[PDB]
Chemist: 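Quick one: the structure is below, and I'll ask about it shortly.
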Amino acid sequence: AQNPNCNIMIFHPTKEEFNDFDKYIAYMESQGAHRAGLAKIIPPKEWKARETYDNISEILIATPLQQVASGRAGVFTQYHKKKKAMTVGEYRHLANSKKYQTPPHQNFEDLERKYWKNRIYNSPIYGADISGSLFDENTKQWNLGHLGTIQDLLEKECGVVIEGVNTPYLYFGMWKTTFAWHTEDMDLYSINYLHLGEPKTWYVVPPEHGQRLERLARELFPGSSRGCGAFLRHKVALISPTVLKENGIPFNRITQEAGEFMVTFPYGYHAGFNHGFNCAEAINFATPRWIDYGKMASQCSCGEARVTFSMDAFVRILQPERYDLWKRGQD
Ligand SMILES: O=C(O)CNC(=O)C(=O)O
Ligand code: NI
Ligand SMILES: [Zn+2]
């Protein structure tokens with residue numbers, strides 16, 4: 001078996017290899033990449049997402065989110081407080097202000113130490129889940145707005161025709177902005193391109209060990225666990241690498257820099273944080289190997305994990321026994 005220790009693999013496709021997206025995902029998996037839950041893909045030197053980012057300040061962040069933490073430094077939840085709308089230009093200025101800017105630091109490791117020591121004492125503001133794309137329409141390779149759709153994948157694999165669309169989302173981050181431990185909706189893949197700015201550090205649990213993380217989460221957030229059997233779908237819980245190590249949870253970490261793609265694989269739990277002002281684009285996607293994961297994905301029915309209407313068809317077709325209960329949670 002390839003990659004038995006479930007290490008995060010890094011790929012350097014040639015421009016020829018970068019033509020066929022599906023084929024390269026399958027190639028990465030043939031090398032065991034999926035066992036980590038996360039892979040990095042560095043595009044060939046000839047590739048670019050767009051000409052410049054010189055004209056993006058007028059994008060609107062309609063609902064910036066202030067991420068307010070509760071708990072202890074290594075075990076906390078965060079809730080999102082809605083703030084007034086601001087442009088990306090205004091957001092960038094805010095990110096770079098004395099209140100929110102990245103502190104002096106020696107290297108990525110020093111900054112990581114500072115993040116886990118001090119995150120809970122600040123409330124950074126995130127621009128998340130903004131529908132849109134920053135890929136040039138003429139970018140033909142790994143353009144996250146031009147991928148084959150999950151609906152078409154399901155149709156190709158299972159013969160079912162369903163409603164729904166899936167399009168990319170933009171994320172504007174600043175120092176300490178945080179993404180909580182989660183897998184994707186329906187345990188889909190995700191792909192994330194860091195367009196511009198400071199890095200993003202990722203933590204990931206191998207899919208074959210995801211239930212170990214779930215069991216620890218239930219112990220660490222006991223009230224949340226009683227409220228919902230799948231409460232990590234609420235995307236509010238953080239657990240530090242120190243606490244993961246203390247509890248023997250297998251995981252890996254890696255830092256993504258501007259110009260790099262990350263792919264998360266079905267049922268690969270991940271979390272992380274931004275180093276400073278940046279902009280990422282991400283979208284969910286599927287492959288034939290995903291279908292089994294979609295069938296088995298655990299659902300939140302408590303009402304906290306409201307999702308896109310695109311997910312209705314996924315649950316309806318792949319999980320008909322769970323559909324009624326889940327739909328009650330969505331309404
Ligand atoms: O970048 C972020 O804030 C969160 N991204 C993801 O969880 C992802 O790409 O799957
Ligand atoms: Ni994700
Ligand atoms: Zn729930």
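Each ligand, and each atom within it, is numbered from 1 in the order the structure gives. For reference, positions follow the sequence shown, starting with 1.
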Chemist: To the nearest 0.5 angstrom, please state how far the CG atom of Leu196 sits from the CG atom of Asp54.
Modeler: 9.5 Å

Chemist: Going by atom types alone, do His80 and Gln66 pair a side-chain donor with an acceptor below 3.5 Å?
Modeler: no

Chemist: Is there a path of hydrophobic side-chain contacts, each under 4.5 Å between heavy atoms of I/L/V/M/F/W/Y residues, joining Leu111 to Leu194?
Modeler: no

Chemist: If you look at each N/O of ligand 1, which protein N/O atoms lie under 3.5 Å away, and at what distance?
Modeler:
| from | atom 1 | to | atom 2 | distance (Å) |
| --- | --- | --- | --- | --- |
| ligand 1 | 1 (O) | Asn192 | ND2 | 3.3 |
| ligand 1 | 1 (O) | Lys200 | NZ | 3.0 |
| ligand 1 | 3 (O) | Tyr126 | OH | 2.3 |
| ligand 1 | 7 (O) | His182 | NE2 | 3.1 |
| ligand 1 | 7 (O) | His270 | NE2 | 3.2 |
| ligand 1 | 9 (O) | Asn192 | ND2 | 3.1 |
| ligand 1 | 10 (O) | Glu184 | OE2 | 3.0 |
| ligand 1 | 10 (O) | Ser190 | OG | 2.7 |
| ligand 1 | 10 (O) | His270 | NE2 | 3.1 |

Chemist: Roughly, to 10 degrees, what angle do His234 atom NE2 and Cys302 atom SG form around the Zn ion (ligand 3)?
Modeler: 100°

Chemist: Have a look at the Zn ion (ligand 3) and estimate, to 10 degrees, the angle subtended by SG (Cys228) and SG (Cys300).
Modeler: 120°

Chemist: Do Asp187 and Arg233 meet the salt-bridge criterion of a basic N to acidic O distance under 4.0 Å?
Modeler: yes

Chemist: Look up atom OH in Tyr267 and atom OG in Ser298, then write down how far apart they are to the nearest 0.5 Å.
Modeler: 6.5 Å

Chemist: Could you name all protein N, O or S atoms found under 2.8 Å from the Ni ion (ligand 2)?
Modeler: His182 NE2, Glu184 OE2, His270 NE2

Chemist: Tell me yes or no: between the side chains of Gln211 and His209, is some donor less than 3.5 Å from an acceptor?
Modeler: no

Chemist: Apply the side chain to side chain contact (heavy atoms under 4.5 Å, CB included) test between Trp202 and each candidate in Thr255, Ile8, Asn252, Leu38; give the one that qualifies.
Modeler: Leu38

Chemist: Could you check whether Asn192 and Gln256, counting side-chain N and O atoms only, form a donor-acceptor pair closer than 3.5 Å?
Modeler: yes

Chemist: Indicate yes or no: does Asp324 engage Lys327 in a salt bridge with an N to O separation below 4.0 Å.
Modeler: no

Chemist: Should the pair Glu90-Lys84 be classified as a salt bridge under the 4.0 Å nitrogen-to-oxygen rule?
Modeler: no

